[PDB]
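Report on the structure given below.
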Amino acid sequence: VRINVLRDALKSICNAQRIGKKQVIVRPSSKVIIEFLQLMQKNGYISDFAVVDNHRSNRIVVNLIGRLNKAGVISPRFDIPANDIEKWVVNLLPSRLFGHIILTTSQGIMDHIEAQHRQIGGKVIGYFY
Amino acid sequence: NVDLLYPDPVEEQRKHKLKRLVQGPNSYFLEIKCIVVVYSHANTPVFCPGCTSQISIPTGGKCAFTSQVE
Amino acid sequence: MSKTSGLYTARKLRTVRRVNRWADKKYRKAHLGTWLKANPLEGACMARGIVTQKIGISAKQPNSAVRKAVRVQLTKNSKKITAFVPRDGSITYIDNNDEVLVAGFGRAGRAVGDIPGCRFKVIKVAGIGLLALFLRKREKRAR
Amino acid sequence: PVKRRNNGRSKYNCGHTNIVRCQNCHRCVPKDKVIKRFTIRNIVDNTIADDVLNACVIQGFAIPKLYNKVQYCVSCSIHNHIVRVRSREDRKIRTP
Amino acid sequence: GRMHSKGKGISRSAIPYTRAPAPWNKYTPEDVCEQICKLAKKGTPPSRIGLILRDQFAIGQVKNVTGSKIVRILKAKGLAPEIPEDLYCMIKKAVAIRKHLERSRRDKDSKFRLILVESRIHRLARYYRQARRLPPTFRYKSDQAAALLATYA
RNA sequence: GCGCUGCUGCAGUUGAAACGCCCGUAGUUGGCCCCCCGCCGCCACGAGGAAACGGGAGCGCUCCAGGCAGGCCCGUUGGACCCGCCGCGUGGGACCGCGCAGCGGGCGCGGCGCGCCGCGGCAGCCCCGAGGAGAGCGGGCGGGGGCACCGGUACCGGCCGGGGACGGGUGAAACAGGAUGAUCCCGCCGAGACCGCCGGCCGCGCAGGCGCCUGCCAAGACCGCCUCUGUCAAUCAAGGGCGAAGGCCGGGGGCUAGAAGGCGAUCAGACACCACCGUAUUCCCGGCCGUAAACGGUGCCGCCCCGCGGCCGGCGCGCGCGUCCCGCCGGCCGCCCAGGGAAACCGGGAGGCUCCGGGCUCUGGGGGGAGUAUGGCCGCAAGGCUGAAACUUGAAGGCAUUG
Ligand SMILES: [Mg+2]
Ligand SMILES: [Mg+2]
Ligand SMILES: [Mg+2]
Ligand SMILES: [Mg+2]
Ligand SMILES: [Mg+2]
Ligand SMILES: [Mg+2]
Ligand SMILES: [Mg+2]
Ligand SMILES: [Mg+2]
Ligand SMILES: [Mg+2]
Ligand SMILES: [Mg+2]
Ligand SMILES: [Mg+2]
Ligand SMILES: [Zn+2]
């Protein structure tokens, strides 16, 4: 059965971008998907997207512009301490200069840079670069 | 040339009703004159105010009529 | 996936590893206990025994030689082993019914080289190292 | 390794098939793996068909035929040149 | 067809996006309620009731006219069956299988099917015992199923 | 070292390794939705609680391993601070999971309850209906299952008649048959098996497996739908059921073939391959056993994914109305661009993975010894499930290249 909606969305996005497509459709919508996409948009990877209402299982449309090279999720939400972020950054990211790691906190969904700025920790959602 | 947000209405008619951008029925209501509304995919028997018998022939898909009705 | 990955699955993973780490030959040989009870030296660097027979053993098929060895009986176990004195012309220094110290070869408990079924080495006889007797550093005029 | 994608038989959407006997050695073979040919031949060999027709009294008589189906096993087909051992690239050709 | 089989078709129904009644609707929310009343008095299951309403009276969806579903209306009117309909039908099918089997007991596929049906019955009955739709004492027994069928029908 | 114990982070078509299949409890995992209340986890901070060790600020034991010293005109000279917590407090409240039992005012005492009162104050009190599941109606589809019934040649045996010398069998022969009339032709009778050509990159079934006529009984997937319910779900130790052929117990039946056995050839030998005879068995009922190269040598659920084509079932569109062509769902197949791989090859994944995290279950860790010994459980038995060690060994294996 379906479980991780975000994983399916990200796999579809990467698949489409691989063959240089321009638009994608991901079937189930969710708040977490929306925040993930908003962060991606603010960082400049996926431009604009739209949410289509149908009362059940809202669909989404996203517009691509290359740029993105990889995206993923970490299924079991591990609890990163505030001072334990560097190890995950080194393990997961190609370099310590341009990748982004997403965390969910009591202060909301933000990036690892922002969490380091506020010296707080939380749970990990995913990554993109 | 093509945008996924505003599909051509016709290419949408050729797709499955659940895979469409918005799920919707394939069925409709219609009038009959032997002067009442009848379901397109009727399965149970139907009768007129006057007709003493049936005016429906259930099938796999769309119902058939007795042709006397127009 | 193939492996369980849920957030509340530590017990199953621990049990799986506990069961499956017994399939390694080395881990079994170390942590099972049969080898310790079967090893005549009971996990010791070397042992002290009495030589009772001086014998020569042929080599394997691709080689051709007769290696010089002695039969020993360990004081603290009373069991029997075969120990081999490698250095040239060092058999003549070993005499029947003599006190010896016997150690192991490089490999833990496997045969070494073309010598069949031999796992021990002679290093001291009558209290003097064989390596020292071979170099003439000392003499065995006490025996 | 694997030599043929069909595993030497034509078996789809099933578990078991009925068996047949080779007509030469009477070996039991699955129906999907046996080599089948259909033949149509005259009862009288064509050398003497004209002689028979001349001797025939009836008018407009037609020589009857024989309709038979021959089924052979793999070993017997090869030994009797019914099929041939082919090259690696020619094994995929399916036309007669 | 997934729970107890290997198939996976997708034959379903797709209701309209808009919840409003038809422009040619000529029924107040009550008039249907009486029609439901008299139909139920004739021992008609709700699924057949919806079929009859849709075909004969041109009502695509009851909820769009009355704001409520059929079984809720029946419960408010005190006419809903004590035993839910899906479970009752499963028990009917089980009884039929058992009868055909006691006529002749060399058929193994029938036993296979009976096993599947009883498993489904147990699962659904457990769910209904939870959610307080059935008494805690309710239990399904093979040898007394026909009795419950008769009384609870 | 060893990513050869793998949480990070192995492998499971062919090298070692996916239970024969289904149901199923514990266990693990579970779509989307409410802006703030309470509780659990979570993050941060803090209190409290021995040092030594470790980290670490300052100081020239001549350096150093060390030690806490030491300088004169010293922070009050100094020995600062951190580090053994599944508990306690404050805050946050995104994420993860649980909240069935009206409210507000007056009597009514300072507050809270048990109660009595206007309903006269409230919008009084149901997200939606998952290309999740289950139930329902209609339609056809199919070697799917069970029971009774029934036709047809053919093998075998017997009989009436005809005719008169060989016949069978093999690479070639020889054992068995024949003037008591064989082989051959025709007709009748008996019994028991079996279901042909059609018959298939057709189809059905959970798998094992499924093919005469007629009739009966129950069942099932798929499609179509503005029918119903409302998370009822996925996968699974234990447990339960089914399970080719051979085999076993007790009853029936007896025609073909045919383990064992016998006999003729061949060979140096032939107790085997070839020829002939032939018991158990092969068939039915009731019941055990529970194994197969039980193979797609590829576990189940779920998502995305180049292009071309064939076949089966159902539905819809179009016209010049053909069982035409244009589509949708489901199933069975072929070739193949990317990509992957040790390669053979896969590509309806063996892809989307060292750029290495969707969920659940099982198995494997060099080759032998050995699926052996010893225990336990099951079984009438044959045997099945579970399952070592000592000892020995340096390669054993896979895909491919040239001869
Ligand atoms: Mg080969
Ligand atoms: Mg098979
Ligand atoms: Mg299941
Ligand atoms: Mg599906
Ligand atoms: Mg390995
Ligand atoms: Mg092999
Ligand atoms: Mg293997
Ligand atoms: Mg049998
Ligand atoms: Mg297997
Ligand atoms: Mg991996
Ligand atoms: Mg091994
Ligand atoms: Zn043949």
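Numbering starts fresh at 1 for the residues of each chain in the structure tokens, the chains themselves are lettered A, B, ... in the order given, and ligands are numbered from 1 as they appear.
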Neighbouring residues of residue D:68 were defined as those with any atom within 8 Å, considering only C-alpha atoms (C1' of nucleotides); residues of the same chain fewer than 5 positions away were excluded. Please report them as a compact mmCIF listing (two decimals) with N, CA, C and O atoms, in the first residue's frame.
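Result file is part.txt:
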# COMPACT_ATOMS: atom_id res chain seq x y z
N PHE D 38 2.49 -31.44 -40.50
CA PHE D 38 1.31 -31.97 -41.18
C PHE D 38 1.67 -32.27 -42.62
O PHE D 38 2.31 -31.44 -43.29
N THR D 39 1.26 -33.43 -43.10
CA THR D 39 1.56 -33.88 -44.45
C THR D 39 0.28 -34.24 -45.18
O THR D 39 -0.70 -34.69 -44.57
N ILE D 40 0.30 -34.04 -46.49
CA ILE D 40 -0.79 -34.46 -47.37
C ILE D 40 -0.17 -35.17 -48.56
O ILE D 40 0.56 -34.55 -49.34
Which of chain C end up as helix (DSSP H, G or I) when DSSP is run on this backbone - answer as a VMD selection string? chain C and resid 10 to 23 25 to 31 34 to 38 130 to 134
Keeping only C-alpha atoms, take the residues you just selected and write them out as a compact mmCIF listing (two decimals), in the first residue's frame.
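Saved as part-v3.txt:
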# COMPACT_ATOMS: atom_id res chain seq x y z
CA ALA C 10 15.71 -2.51 17.67
CA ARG C 11 14.86 -5.81 19.35
CA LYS C 12 14.45 -7.68 16.07
CA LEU C 13 17.71 -6.31 14.67
CA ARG C 14 19.59 -7.27 17.84
CA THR C 15 18.16 -10.79 17.71
CA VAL C 16 18.94 -11.17 14.01
CA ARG C 17 22.58 -10.23 14.50
CA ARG C 18 22.85 -12.39 17.62
CA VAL C 19 21.67 -15.43 15.67
CA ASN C 20 23.56 -14.73 12.45
CA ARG C 21 27.00 -13.88 13.80
CA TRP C 22 27.49 -17.55 14.71
CA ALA C 23 27.95 -18.44 11.03
CA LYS C 25 34.14 -19.80 11.25
CA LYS C 26 36.48 -17.45 13.12
CA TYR C 27 33.81 -16.18 15.51
CA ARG C 28 32.71 -19.74 16.28
CA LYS C 29 36.27 -20.96 16.78
CA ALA C 30 36.87 -18.10 19.21
CA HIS C 31 33.63 -17.82 21.18
CA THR C 34 35.16 -26.41 21.73
CA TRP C 35 38.58 -25.34 20.45
CA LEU C 36 39.75 -24.31 23.92
CA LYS C 37 38.81 -27.71 25.36
CA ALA C 38 40.40 -29.43 22.35
CA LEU C 130 67.79 -24.08 20.32
CA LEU C 131 68.41 -20.92 18.29
CA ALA C 132 71.27 -20.12 20.67
CA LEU C 133 72.72 -23.64 20.53
CA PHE C 134 72.67 -23.54 16.73
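The residue set within 12 Å of residue E:37, counting only C-alpha atoms (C1' of nucleotides) and dropping same-chain residues fewer than 4 places from it, reads residues 30, 31, 32, 33, 41, 42, 43, 44, 45, 46, 49, 70, 71, 73, 74, 75, 76, 77, 78, 79 and 80 of chain E.
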Please list as a ChimeraX atom specification every residue within 8 Å of stretch 42-48 of chain D, counting only C-alpha atoms (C1' of nucleotides) and excluding residues in the same chain fewer than 6 positions away. /D:63-66
Would you output that residue set with N, CA, C and O atoms, as a short mmCIF file (atom, residue, chain, number, x, y, z; two decimals), in the first residue's frame?
data_model
loop_
_atom_site.label_atom_id
_atom_site.label_comp_id
_atom_site.auth_asym_id
_atom_site.auth_seq_id
_atom_site.Cartn_x
_atom_site.Cartn_y
_atom_site.Cartn_z
N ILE D 63 -8.00 -39.36 -57.22
CA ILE D 63 -7.15 -40.16 -56.34
C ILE D 63 -7.31 -39.65 -54.91
O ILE D 63 -7.13 -38.45 -54.66
N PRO D 64 -7.63 -40.51 -53.95
CA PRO D 64 -7.75 -40.06 -52.56
C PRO D 64 -6.40 -39.72 -51.96
O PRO D 64 -5.35 -40.19 -52.41
N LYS D 65 -6.43 -38.89 -50.93
CA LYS D 65 -5.24 -38.45 -50.22
C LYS D 65 -5.15 -39.09 -48.84
O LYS D 65 -6.10 -39.72 -48.35
N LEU D 66 -3.99 -38.93 -48.22
CA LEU D 66 -3.77 -39.29 -46.83
C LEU D 66 -3.51 -38.03 -46.02
O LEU D 66 -2.66 -37.22 -46.40
#
Taking only C-alpha atoms (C1' of nucleotides) and all ligand atoms into account, which residues are within 9 Å of ligand 9, as a list in words? residues 18, 19, 20, 294, 295 and 297 of chain F
Given the selection you just returned, output its residues as a file containing N, CA, C and O atoms (P, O5', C5', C4', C3', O3' and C1' of nucleotides), formatted as a PDB file, in the first residue's frame.
ATOM      1  P     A F  18      17.149 -20.789  -1.404  1.00  0.00           P
ATOM      2  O5'   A F  18      16.583 -19.306  -1.420  1.00  0.00           O
ATOM      3  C5'   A F  18      15.717 -18.876  -2.454  1.00  0.00           C
ATOM      4  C4'   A F  18      14.305 -18.729  -1.953  1.00  0.00           C
ATOM      5  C3'   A F  18      13.236 -18.620  -3.034  1.00  0.00           C
ATOM      6  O3'   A F  18      12.026 -19.207  -2.560  1.00  0.00           O
ATOM      7  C1'   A F  18      13.190 -16.689  -1.711  1.00  0.00           C
ATOM      8  P     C F  19      11.746 -20.778  -2.750  1.00  0.00           P
ATOM      9  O5'   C F  19      11.982 -21.401  -1.304  1.00  0.00           O
ATOM     10  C5'   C F  19      11.401 -20.821  -0.140  1.00  0.00           C
ATOM     11  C4'   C F  19      10.976 -21.871   0.858  1.00  0.00           C
ATOM     12  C3'   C F  19       9.668 -22.588   0.537  1.00  0.00           C
ATOM     13  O3'   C F  19       9.747 -23.947   0.960  1.00  0.00           O
ATOM     14  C1'   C F  19       9.486 -21.550   2.638  1.00  0.00           C
ATOM     15  P     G F  20       9.801 -25.122  -0.129  1.00  0.00           P
ATOM     16  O5'   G F  20       8.541 -24.831  -1.052  1.00  0.00           O
ATOM     17  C5'   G F  20       8.665 -24.767  -2.461  1.00  0.00           C
ATOM     18  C4'   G F  20       7.320 -24.779  -3.127  1.00  0.00           C
ATOM     19  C3'   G F  20       6.313 -23.761  -2.620  1.00  0.00           C
ATOM     20  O3'   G F  20       6.472 -22.482  -3.204  1.00  0.00           O
ATOM     21  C1'   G F  20       5.300 -25.886  -2.735  1.00  0.00           C
ATOM     22  P     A F 294      10.318 -29.377 -11.094  1.00  0.00           P
ATOM     23  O5'   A F 294       9.894 -29.499  -9.565  1.00  0.00           O
ATOM     24  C5'   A F 294       9.740 -28.349  -8.747  1.00  0.00           C
ATOM     25  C4'   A F 294       8.302 -28.135  -8.353  1.00  0.00           C
ATOM     26  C3'   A F 294       7.990 -26.846  -7.618  1.00  0.00           C
ATOM     27  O3'   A F 294       7.863 -25.739  -8.489  1.00  0.00           O
ATOM     28  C1'   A F 294       6.897 -28.664  -6.564  1.00  0.00           C
ATOM     29  P     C F 295       8.524 -24.323  -8.126  1.00  0.00           P
ATOM     30  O5'   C F 295       9.238 -23.901  -9.480  1.00  0.00           O
ATOM     31  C5'   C F 295       9.052 -22.615 -10.054  1.00  0.00           C
ATOM     32  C4'   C F 295       9.647 -22.542 -11.434  1.00  0.00           C
ATOM     33  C3'   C F 295       9.245 -23.670 -12.381  1.00  0.00           C
ATOM     34  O3'   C F 295       9.203 -23.188 -13.722  1.00  0.00           O
ATOM     35  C1'   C F 295      11.578 -23.705 -12.073  1.00  0.00           C
ATOM     36  P     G F 297      13.819 -20.183 -15.221  1.00  0.00           P
ATOM     37  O5'   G F 297      14.020 -20.865 -13.803  1.00  0.00           O
ATOM     38  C5'   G F 297      14.381 -20.083 -12.676  1.00  0.00           C
ATOM     39  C4'   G F 297      14.263 -20.861 -11.398  1.00  0.00           C
ATOM     40  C3'   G F 297      14.730 -20.117 -10.160  1.00  0.00           C
ATOM     41  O3'   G F 297      14.019 -20.575  -9.011  1.00  0.00           O
ATOM     42  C1'   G F 297      16.168 -21.953 -10.575  1.00  0.00           C
TER      43        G F 297
END
Proximal residues of chain A relative to chain C (only C-alpha atoms; 9 Å) as a count of residues only: 4
Gap from atom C1' of residue F:29 to atom CA of residue A:60 - Å, one decimal: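 Going from atom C1' of residue F:29 over to atom CA of residue A:60 covers 27.1 Å.
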Please find the residues of chain B near chain F - the criterion being any atom within 8 Å, counting only C-alpha atoms (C1' of nucleotides) - and write them as a PyMOL selection string. chain B and resi 14-16+18-19+25+27+41+43-44+58-61
For ligand 2, collect every residue having any atom at a distance of at most 10 Å from a ligand atom (counting only C-alpha atoms (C1' of nucleotides) and all ligand atoms); output as a list in words. residues 14, 15, 16 and 17 of chain D; 208, 209, 244, 292, 293, 294 and 295 of chain F
I'd like the neighbourhood of residue E:122 as a count of residues only, where a residue qualifies if any of its atoms comes within 12 Å (using only C-alpha atoms (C1' of nucleotides)), though same-chain residues fewer than 3 positions away should be ignored. 20
Straight-line distance linking atom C1' of residue F:67 with atom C1' of residue F:52, stated in Å to one decimal: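 Atom-to-atom, atom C1' of residue F:67 and atom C1' of residue F:52 are spaced 15.0 Å apart.
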Neighbouring residues of ligand 8 are defined here as those with any atom at most 10 Å from a ligand atom, counting only C-alpha atoms (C1' of nucleotides) and all ligand atoms; list them as a list in words.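 With only C-alpha atoms (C1' of nucleotides) and all ligand atoms and a cut-off of 10 Å, ligand 8 is contacted by residues 244, 245, 246, 247, 281 and 282 of chain F.
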